[PDB]
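Here the structure is laid out as structure tokens; the discussion comes afterwards.
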Amino acid sequence: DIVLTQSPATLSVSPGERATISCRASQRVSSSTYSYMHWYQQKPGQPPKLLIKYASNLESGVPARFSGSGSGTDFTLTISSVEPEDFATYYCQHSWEXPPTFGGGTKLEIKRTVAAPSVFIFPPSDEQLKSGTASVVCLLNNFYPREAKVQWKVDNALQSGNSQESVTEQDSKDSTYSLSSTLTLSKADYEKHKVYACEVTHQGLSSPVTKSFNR
Amino acid sequence: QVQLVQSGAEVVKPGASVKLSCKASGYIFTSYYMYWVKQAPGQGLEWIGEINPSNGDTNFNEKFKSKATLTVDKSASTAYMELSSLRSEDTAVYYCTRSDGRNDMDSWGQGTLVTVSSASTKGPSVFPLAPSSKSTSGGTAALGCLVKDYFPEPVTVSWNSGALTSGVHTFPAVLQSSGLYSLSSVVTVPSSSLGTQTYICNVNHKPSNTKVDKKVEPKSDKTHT
């Protein structure tokens with residue numbers, strides 16, 4: 001079967017710059033008249049969406065900033081000016097011989113401007129406390145770049161465990177990340193302390209930011 | 001408008017089979033080939049095979065000919081894929097996709113996550129993350145829903161039945177020590193209008209047939225006993 005090799009694996013591009021991604025087929029996928037290579041865009045959580053068919057034909061509804069070129073074995077997809085919504089993995093696919101196969105994808109990342117997080121803290125809900133567990137949530141919203149440190153302090157003491165973090169993909173409208181950190185304690189443990197705080201470090205801030213509440 | 005709508009995610013025991021469906025609307029079902037495609041997260045997609053809905057004829061990738069069985073139901077405008085004797089390598093998202101002439105794949109279903117596991121399905125609990133005009137950043141408030149203790153993936157969250165999407169962040173699940181998943185979905189909103197706007201998170205966990213709507217309100221006590 002035909003193998004499609006995409007490059008680069010990840011392309012990092014500043015807002016509004018041109019992006020070019022490559023797909024090379026292991027053997028010729030064009031006739032003397034047409035090329036049987038197609039391009040798809042897979043946004044986070046979504047199926048692939050067809051962008052370009054037969055190397056160069058823009059699918060109806062697809063933005064004009066997308067174009068494709070090439071013939072033979074070497075194909076390219078170009079985004080003339082990258083927009084936040086273009087954050088996605090892009091795949092090529094041939095239909096020359098059977099079976100159709102796909103490339104391994106190129107991830108398009110966007111190097112937007114530096115942004116400090118906005119920080120919020122949420123005590124456990126009364127409904128959850130009725131079940132015997134306390135989840136405390138710290139939200140870091142809309143920051144860039146990804147690197148961030150979150151520490152939990154309970155009555156000023158650094159917590160050594162019992163939290164978990166998750167970070168989003170780059171946002172579809174502004175290219176930032178957000179991060180949640182959840183501290184989970186038994187109700188009894190929760191009720192043995194007074195002050196719950198999360199301390200956040202990020203390069204867009206010149207000192208750590210602490211958000212806290214008193215139980 | 002052309003739409004393909006797939007069946008919900010499922011947990012499947014090792015060695016068992018599962019039957020996935022894909023309902024087509026907005027076009028003549030028999031006029032387009034239907035493909036099925038496998039994707040393990042963040043991997044190149046793999047073509048499983050094709051059915052011609054006009055006559056039931058099939059073609060398979062040699063790699064999947066012993067794994068997949070494809071059928072259609074005309075009156076239901078639905079294509080089916082049965083996967084046999086599942087093993088861990090079968091855990092993946094499965095898509096159906098239509099093709100006019102065996103070249104490009106122009107319309108895709110939303111995908112069905114099949115998780116092969118001996119563990120039982122569990123639906124989540126949903127808790128509010130309440131906003132307050134006393135807890136603002138730059139005049140904005142944050143609110144959300146905590147979706148705790150489910151298995152397998154996935155959970156999806158919408159807000160106000162899909163009318164609220166700006167500023168929403170639904171985090172990737174975390175795997176808890178229990179072996180159950182948790183996630184939160186949050187939104188930032190004006191702090192000025194928490195008394196006039198309504199924010200409801202709509203949580204779906206298809207493996208357990210769980211749908212929960214939770215109204216998230218600012219919390220109302222000066223008495224501490």
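Protein chains get the first letters and strands the later ones, always in sequence-line order, with residue 1 at the start of each.
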* Under 3.5 Å, is there a donor-acceptor pair linking the side chains of B:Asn103 and A:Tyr54? -> yes
* Set of side-chain contact (heavy atoms from CB on, under 4.5 Å) partners for B:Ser125, sequence neighbours left out -> B:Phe127
* So, A:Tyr40 side chain and B:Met105 main chain: donor-acceptor pair closer than 3.5 Å or not? -> yes
* **Candidate pair A:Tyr177 and A:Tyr144, rule ring pair (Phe, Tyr, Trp, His ring centres under 6.0 Å), full reasoning** => CA-CA 6 Å; A:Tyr177 300 98; A:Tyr144 191 87; 5.7 Å; yes
* Asked: Parallel under 30°, tilted from 30 to 60°, perpendicular over 60°: which one fits the rings of A:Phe122 and A:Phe120?
  -> parallel
* Beyond-backbone contact of B:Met81 with B:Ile48, side-chain heavy atoms, under 4.5 angstrom -> yes
* Structure fact -> One should read off an interatomic distance between B:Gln39 CD and A:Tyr91 OH, to the nearest 0.5 angstrom, of 4.5 Å
* **salt bridge (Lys or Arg N to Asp or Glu O under 4.0 Å): pairs with one or both residues in residues 54-64 of chain A, sequence neighbours excluded** => A:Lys53-A:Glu59
* To do: Determine whether the side chains of A:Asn162 and A:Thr184 contain a donor N or O and an acceptor N or O closer than 3.5 Å.
  => no
* Sidechain-backbone polar pair: A:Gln6 side chain, A:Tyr90 backbone, donor-acceptor under 3.5 Å -> yes
* Asked: Can you tell if the side chain of B:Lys19 reaches within under 4.5 Å of the side chain of B:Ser17, non-hydrogen atoms only?
  -> no
* Structure fact -> Those residues at least two apart in sequence (or on a different chain) that pass side-chain hydrogen bond (donor to acceptor under 3.5 Å, both in side chains) with B:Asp104 are none
* Validation row: B:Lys148, A:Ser135 side chains within 4.5 angstrom (heavy atoms) -> yes
* **With B:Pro207 via side-chain contact (heavy atoms from CB on, under 4.5 Å) - residues at least two apart** => B:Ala9, B:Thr121, B:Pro152, B:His205
* Distance-only side-chain donor-acceptor flag, B:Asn204 / B:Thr156, under 3.5 Å -> no
* To do: Show your reasoning for whether side-chain hydrogen bond (donor to acceptor under 3.5 Å, both in side chains) applies to A:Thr133 and A:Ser131.
  => CA-CA 6 Å; A:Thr133 302; A:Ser131 69; 4.9 Å; no
* **Separation of A:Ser67 OG from A:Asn57 CG (nearest 0.5 Å)** => 12.0 Å
* Asked: Between the main-chain N or O of A:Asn141 and the side-chain N or O of A:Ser178, is there a donor-acceptor pair closer than 3.5 Å?
  -> no
* Heavy-atom side-chain contact between B:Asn59 and B:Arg102 under 4.5 Å -> yes
* Between B:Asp213 and B:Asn202, a side-chain donor and acceptor under 3.5 Å -> yes
* Structure fact -> Nearest heavy-atom approach of A:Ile110 to A:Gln170 is O-NE2, 2.9 Å
* Determine whether B:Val216 and B:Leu129 make a side-chain contact, defined as any pair of heavy atoms from C-beta on separated by less than 4.5 Å. => no
* Asked: Any donor-acceptor pair under 3.5 Å linking the side chain of A:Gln42 with the backbone of A:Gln46?
  -> yes
* Distance-only, no hydrogens or angles: does the B:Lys23 side chain make a donor-acceptor pair with backbone N or O of B:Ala76 under 3.5 Å? -> yes
* Does the side chain of B:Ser117 pick up a donor-acceptor pair with the side chain of B:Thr115 at under 3.5 Å? -> no
* Side-chain contact test, heavy atoms from C-beta onward, threshold under 4.5 Å: evaluate it for B:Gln176 versus B:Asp149 and give yes or no. => yes
* **Listed partners of A:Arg146 passing salt bridge (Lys or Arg N to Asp or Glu O under 4.0 Å), at least two apart** => none
* Closest contact, heavy atoms only, B:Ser66 versus B:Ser84 -> O-OG, 3.3 Å
* Indicate yes or no for a side-chain donor-acceptor contact from A:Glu83 to the backbone of A:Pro15 under 3.5 Å, with no hydrogens or angles considered. => no
* Just checking, is any N or O donor in the side chain of A:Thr76 or A:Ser69 under 3.5 Å from an acceptor N or O on the other one? -> yes
* Is a side-chain donor or acceptor of B:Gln110 paired with a backbone partner of B:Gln6 at a separation under 3.5 angstrom? -> yes
* Show your reasoning for whether ring pair (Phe, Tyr, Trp, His ring centres under 6.0 Å) applies to B:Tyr35 and B:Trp47. => CA-CA 7 Å; B:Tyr35 288 179; B:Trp47 181 80; 5.6 Å; yes
* Structure fact -> Nearest heavy-atom approach of A:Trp39 to A:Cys23 is CH2-CB, 3.5 Å
* Polar side-chain atom of A:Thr101 near backbone of A:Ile2 as donor-acceptor pair, under 3.5 Å -> yes
* Are side-chain heavy atoms of A:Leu205 and A:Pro117 found at a separation under 4.5 Å? -> yes
* Determine, using ring centers only, whether A:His94 and A:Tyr36 are less than 6.0 Å apart. => no
* Taking the six-membered ring for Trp, is the centroid-to-centroid distance between B:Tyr27 and B:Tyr32 below 6.0 Å? -> yes
Which side-chain N or O atoms in residues 181-189 of chain B pair as donor and acceptor under 3.5 Å with protein atoms at least two apart or in another chain?
| residue | atom | partner | partner atom | Å |
| --- | --- | --- | --- | --- |
| B:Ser182 | OG | B:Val147 | O | 3.4 |
| B:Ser185 | OG | B:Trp159 | NE1 | 2.9 |
| B:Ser185 | OG | B:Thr170 | OG1 | 2.7 |

* How long is the span from the CD atom in B:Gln197 to the CG atom in B:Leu164, to the nearest 0.5 Å? -> 9.5 Å
* Asked: What are the two closest heavy atoms between B:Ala119 and B:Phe151, and how far apart are they?
  -> CB-CE2, 3.7 Å
* To do: Check whether the side chains of B:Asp73 and B:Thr71 place a donor and an acceptor atom closer than 3.5 Å, and report yes or no.
  => no
* **Exam field: side chain A:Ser175 to backbone A:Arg112, donor-acceptor pair closer than 3.5 Å** => no
